[PDB]
Structures are given as structure tokens and as C-alpha cells.
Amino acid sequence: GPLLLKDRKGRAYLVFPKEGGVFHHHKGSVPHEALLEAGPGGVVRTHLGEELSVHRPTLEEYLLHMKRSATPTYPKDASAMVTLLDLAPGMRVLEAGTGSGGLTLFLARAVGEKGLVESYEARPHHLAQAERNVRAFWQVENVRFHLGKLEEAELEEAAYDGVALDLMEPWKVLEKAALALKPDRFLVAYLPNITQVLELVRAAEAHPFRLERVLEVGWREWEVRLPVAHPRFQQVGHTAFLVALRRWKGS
């Protein structure tokens, strides 16, 4: 399990500890052993008043700092997608594209060791990084990764409890998703542009799906250091829209 270090300026660093390893930093390098000794919740004092706080990274912190090729789903959105997909332990969820494994991790927590994340990724380098990212943080073998286009997947009809999409052209996978998804259950797509949203809404009218939700998730952060207290001057204003479709009654 990696560590997250924060310095006094609030800069964050993801460290994968190894014996003989050294964390380099402008106010003093620290052997990895010192980090492990301090442990999550602890500190390592260095030079000129500097102090590195040591943390077990939350899944949010991990997504935000992990290596990536494809930009991962933002934590606020991945969190909402799991709820909109109504995922509970033991469920089977279809995902494309794996990307960098950010959403994959959220999905994998939600369905747990008896559940399944069936994840597809078309690009081999993307998939390799995603697999590293997932495995470095999560040891439960409840993700089945597939190299290939979701359009071409061999899937059991009505075997999946939800379908999570994060890809540029979700209309292309709606036929496969409609086949996979249990009646009355949900597909939820993440899309940056309202034009993409409208295109998906129109495309879904050619499939057994009913539009249920189009929403924007906002996590409006405050800066509070009493007596200072105000919404942060600079916010992430937008990441993507979430589009939820419900699968038509069966047969």
C-alpha cells in the first residue's frame, strides 16, 4: 500500500516505499524506512521547519495523484456514479473504458469480493497502466480486465446489474450495453460536453433505454482557517455530465 506525503506548503507526493528507497525533497531527503516508522498519521521532521506528514492515501487522494495516461474519472463523479448505478455487494458491473483504473477502483469497492467488475479497454498501453494502478492499491481479485472494444465483447444477456461508461462515443456501445444490462437497471455515462450528452440522449432513443437523469456533480470546497471562512476562490468548475438510462422491461 502506497503512502501519501504532504509538506508544510501542502504539496502531496505518492510514494511506493521500498527498503533502501529515499524520498527526495528540497528541505531534506528521507529514507523510506523513516516514513514507514512514522506511519499513517505520523510525521518526519526535516530542515528549516519542514515537516512531512505521512498518510495512507484515500481512494480520492490516490486517483488525484496516481500515474495516468487517460485522465481518470474525478472522485466526485465516480462517487456519484456508484450511487446512480445503485451498486451493492455481490453485483456484476460492466465498465468501459478501463482508462487509468480510477472509476474501476470505485466500482470494485462497491461490488466487493463476491462481486465483479467486467472492464474493457481498447488501448493496450492504457490497459497496462490501469492494471498497475488498480493492483498497487487494491488486492481483491474481483476485476476481470479485457483488452478490446466493448462493441466486440462476448457477453451474457441480462447478466449485469449496471453499466458504467467513461468514453468519447458511448452511442457505439449501446447495443452491447442493452444486451448486457438487466431490465430496470441502469447505465450511467460520464461525458464532458453537453453536445455529447445530447448526442447520447438521441442515440438512446434507438435502444431499449429510458432517459432518467442528466446531472452535474459539484463539490464546492471551502477554505476555513478561522477567522477566514469562505468558499474557495478557485474551484474545479466542471468535469463532466452524468447521464443515467434505465433498461426497459424485459422480453
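For every residue, the number given is its place in the sequence shown, counted from 1.
As the entry records it, the average C-alpha temperature factor is higher for 22-30, out of 219-227 and 22-30. Between 151-159 and 93-101, it is 151-159 that carries the larger average Cα temperature factor according to the deposited entry. Out of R123, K76, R109, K176, the entry records its largest CA B-factor for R123. The top Cα temperature factor in the record, among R210, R68, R202, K182, falls on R68. Ranked by C-alpha B-factor against the other modelled residues of its chain, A38 falls in the highest third. When the modelled residues of the chain are ordered by C-alpha B-factor, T83 sits in the lowest third.
The deposited CA B-factor of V143 belongs to the middle third of values across its chain. Among the modelled residues of its chain, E118 has a C-alpha B-factor that falls in the lowest third, as given in the PDB entry.
In the deposited entry, the Cα temperature factor of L242 places it in the lowest third of its chain's modelled residues.
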